[PDB]
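Heads up, the thing below is written out as structure tokens.
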Amino acid sequence: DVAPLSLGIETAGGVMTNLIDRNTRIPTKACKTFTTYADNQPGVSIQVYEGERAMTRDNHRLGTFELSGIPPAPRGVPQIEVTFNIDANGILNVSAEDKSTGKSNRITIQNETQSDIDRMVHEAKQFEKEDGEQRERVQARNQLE
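Position one of the sequence shown corresponds to residue 1 (the numbering used here), numbered consecutively onward.
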């Protein structure tokens, strides 16, 4: 019993950054530290996606929430911990917190076909060269708009 698709958030440039890879046994929990794309950025949008493709526009949006009220700092200085937690029922909670202010927000995604899982992993195998190149286009990591 698993996450049948990779789960992650959109990072600067429409890039898919994973927290949980497909076929990870559940329950499972993962976290990474994200940060700002721009100097003095007031907030970030946490856009939760499901799928195997390099760009989020080729994956499936599960939900979005905002984390606002980030104090002004140079780009890349804020520390925003994003946690994906999937429980034994397959329910996914995505939390974001700003390490310095402790400002927090969360979304609950409901567990709610087998054939189309199969082809999404196939289409991803198809488009692997072009997707790899697509990841080479942004060298920075973990930045959020």
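Heads up, the beta-carbon is just placed ideally off N, CA and C, and yes, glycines get one too.
Just to confirm, are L19 and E52 a CB contact at a threshold of 9 Å? Against the sequence shown, residue 19 aligns to sequence position 19. Against the sequence shown, residue 52 aligns to sequence position 52. No; because the gap between Cβ atoms is not below 9 Å, this pair is not in contact.
Between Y37, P27 and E123, which lies nearest to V138 when the distance is taken from Cα to Cα? Along the sequence shown, read from residue 1 onward, the residue named residue 138 stands at position 138. The candidate whose alpha carbon is nearest that of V138 is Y37.
From the DSSP output, in three-state form, read off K103 for me. For this step, residue 103 is matched to residue 103 along the sequence shown. Three-state result, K103: coil.
Cutting at 8 Å between CB atoms, please list the residues of its own chain near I26, excluding the five before and the five after it. Along the sequence shown, one-based indexing puts residue 26 at 26. Closer than 8 Å at the Cβ level, and outside the excluded window around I26, lie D1, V2, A3, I86, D87, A88 and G90.
Here's the rule I'm using: 16 or more other beta-carbon atoms within 10 Å means buried, otherwise exposed. How should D98 be labelled? Within the sequence shown, residue 98 is the residue found at index 98, counting from 1. So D98 ends up on the buried side.
Residues near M55 in its chain [Cβ-Cβ closer than 8 Å; skip 5 each side]: Your numbering for residue 55 matches position 55 in the sequence shown. Within the same chain, Cβ atoms closer than 8 Å to the Cβ of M55 are found at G14, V15, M16, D131 and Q134, the five residues on either side in sequence being excluded.
Helix, strand or coil at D116 according to DSSP, with G and I counted as helix: Walking along the sequence shown from the start, residue 116 turns up at place 116. Of the three classes helix, strand and coil, the one that applies to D116 here is helix, per DSSP.
Residue range of the unbroken beta strand (DSSP E) whose run includes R61: The residue labelled residue 61 in the question sits at position 61 within the sequence shown. Annotation: the continuous beta strand (DSSP E) that includes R61 extends over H60 to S68.
Pull up the distance between the alpha-carbon of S100 and that of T64, whole angstroms please. Counting from 1 along the sequence shown, the entry for residue 100 is found at position 100. Counting from 1 along the sequence shown, the entry for residue 64 is found at position 64. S100 and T64 have their alpha carbons spaced roughly 22 Å apart.
Kindly indicate the opening and closing residues of the beta strand (DSSP E) around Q47. Locating residue 47 in the sequence shown gives position 47, counting from the first residue. Residues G43 to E50.
So the beta strand (DSSP E) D87 belongs to, where does it begin and stop? In the sequence shown, counting from the first residue as 1, residue 87 sits at position 87. Neither: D87 is in no beta strand (DSSP E) and is coded neither H nor E.
With DSSP as the reference, label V121 as helix, strand or coil. In the sequence shown, the residue the question calls residue 121 occupies position 121. DSSP places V121 in helix when its eight states are reduced to three.
Please check the pair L92 and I109, which I expect to be a contact at CB under 8 Å, by giving their CB distance rounded to whole angstroms. In the sequence shown, counting from the first residue as 1, residue 92 sits at position 92. In the sequence shown, counting from the first residue as 1, residue 109 sits at position 109. Contact between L92 and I109 holds, with the beta-carbon distance rounding to 4 Å and staying under 8 Å.
Going by alpha carbons, who is nearest to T11 out of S95, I46 and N40? Indexing the sequence shown from 1 puts residue 11 at position 11. The shortest Cα separation from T11 among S95, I46 and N40 belongs to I46.
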